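Okay, here we've got a single chain as structure tokens, the form solved without the named molecule, with questions on binding and movement later.
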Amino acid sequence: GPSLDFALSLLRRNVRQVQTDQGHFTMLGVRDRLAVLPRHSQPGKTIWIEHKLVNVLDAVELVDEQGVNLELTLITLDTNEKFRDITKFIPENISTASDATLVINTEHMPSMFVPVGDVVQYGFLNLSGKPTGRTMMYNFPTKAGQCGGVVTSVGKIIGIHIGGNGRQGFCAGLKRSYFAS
């Protein structure tokens, strides 16, 4: 329902195709020159965005208050573009959902939407040997190439896709405070 239309608007204004040396990812533009990627994309000093090479001014790998990996990297892009500020749609606390849509946009998987259904609290995740906190899980067979995908519910941006085991998928939860100045 209304979830899907919200997801479509977010795609056009805030979701971009990127490529690093690690491959193709979806990127969420958060506000102005600030964006977020899965940590394992390992963005360097230059990144491909929508067929242009773009300088990266700064990058920070996010951890929680105890130091646990959140599997998210915040980057500031050297770009003319200024993302519409979508932080008001990110909840203050990690939020589950009943009818979520995953928004993917890479060169190999352009502009696609996947109804993943319920997104439930999971927490600690061992992701190919890398400990990760604050994850959520969906019972949907997500696949390689979908990392960075944005998990949304009606009027809420709740996660970034980071992994899966063939039958289930997992996202890093989003909190508004990650993006505070």
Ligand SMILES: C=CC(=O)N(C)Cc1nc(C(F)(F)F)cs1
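Residue indices: 1-based, along the sequence shown. Here, rigid core means the biggest group of C-alpha atoms that superpose within 1.5 Å across both forms.
Subject >> Greater mean Cα temperature factor according to the PDB record, 26-34 or 39-47 >> reply: Between 39-47 and 26-34, it is 39-47.
Original post:
Once you work out the mean C-alpha B-factor for both 119-127 and 146-154 from the entry, which is higher?
Top reply: Here the higher of the two C-alpha B-factor means belongs to 119-127.
Original post:
Per the coordinate record, which of the options 93, 80, 87, 96 holds the highest CA temperature factor?
Top reply: Result of the comparison over 93, 80, 87, 96: 80.
Subject >> Most elevated Cα B-factor in the entry, residues 53, 56, 137, 63 >> reply: Across 53, 56, 137, 63, the entry lists the biggest C-alpha B-factor for 63.
Original post:
In terms of the chain's CA B-factor thirds, is residue 6 lowest, middle or highest?
Top reply: According to the entry, residue 6 has a C-alpha B-factor in the chain's highest third.
The form deposited with the named molecule bound is left out here; the points below concern that form.
**OP:** Please overlay the site onto where the named molecule binds in the deposited bound form and tell me whether the pocket on the shown chain stays open or is blocked (3 or more ligand atoms within 2.4 angstroms of backbone or C-beta atoms).
**Re:** Placed partner shows the pocket blocked.
**OP:** May I ask you to state whether residue 154 is within 4.5 Å of the named molecule in the deposited bound form, using heavy atom distances?
**Re:** Residue 154: no contact with the named molecule in the deposited bound form.
Subject >> Any non-hydrogen atom of residue 74 within 4.5 angstroms of the named molecule in the deposited bound form >> reply: Contact with the named molecule, no.
Original post:
Might residue 53 be said to contact the named molecule in the deposited bound form, defining contact as any heavy atom within 4.5 Å?
Top reply: Contact check for residue 53: no, nothing within 4.5 Å of the named molecule in the deposited bound form.
Original post:
Does residue 60 reach the named molecule in the deposited bound form, with heavy atoms at most 4.5 Å apart?
Top reply: Close contact is absent here: in the deposited bound form, residue 60 is far from the named molecule, nothing within 4.5 Å, heavy atoms only.
Subject >> Three-residue site 123, 136 and 160 fully in contact with the named molecule in the deposited bound form at 4.5 Å by heavy atom >> reply: None of them does, since no heavy atom lies within 4.5 Å of the partner.
Original post:
Quick one: which residues from 17-56 get a non-hydrogen atom within 4.5 Å of the named molecule in the deposited bound form?
Top reply: Residues within 4.5 Å: none.
Subject >> Core-superposed comparison between this form and the one not shown - Cα displaced by 2 angstroms or more, from 135, 41, 146, 69 >> reply: Residue with a C-alpha shift of 2 Å or more: 146.
**OP:** Using the form shown as baseline, tell whether residue 119 and residue 145 are closer or farther in Cα-Cα distance in the deposited bound form, where the change reaches 3 Å or more.
**Re:** Compared with the shown chain, residue 119-residue 145 is closer in the deposited bound form.
Subject >> Direction of the Cα shift between residue 145 and residue 20 in the deposited bound form, where the change is 3 Å or more >> reply: It is farther: the C-alpha separation of residue 145 and residue 20 rises by at least 3 Å in the deposited bound form.
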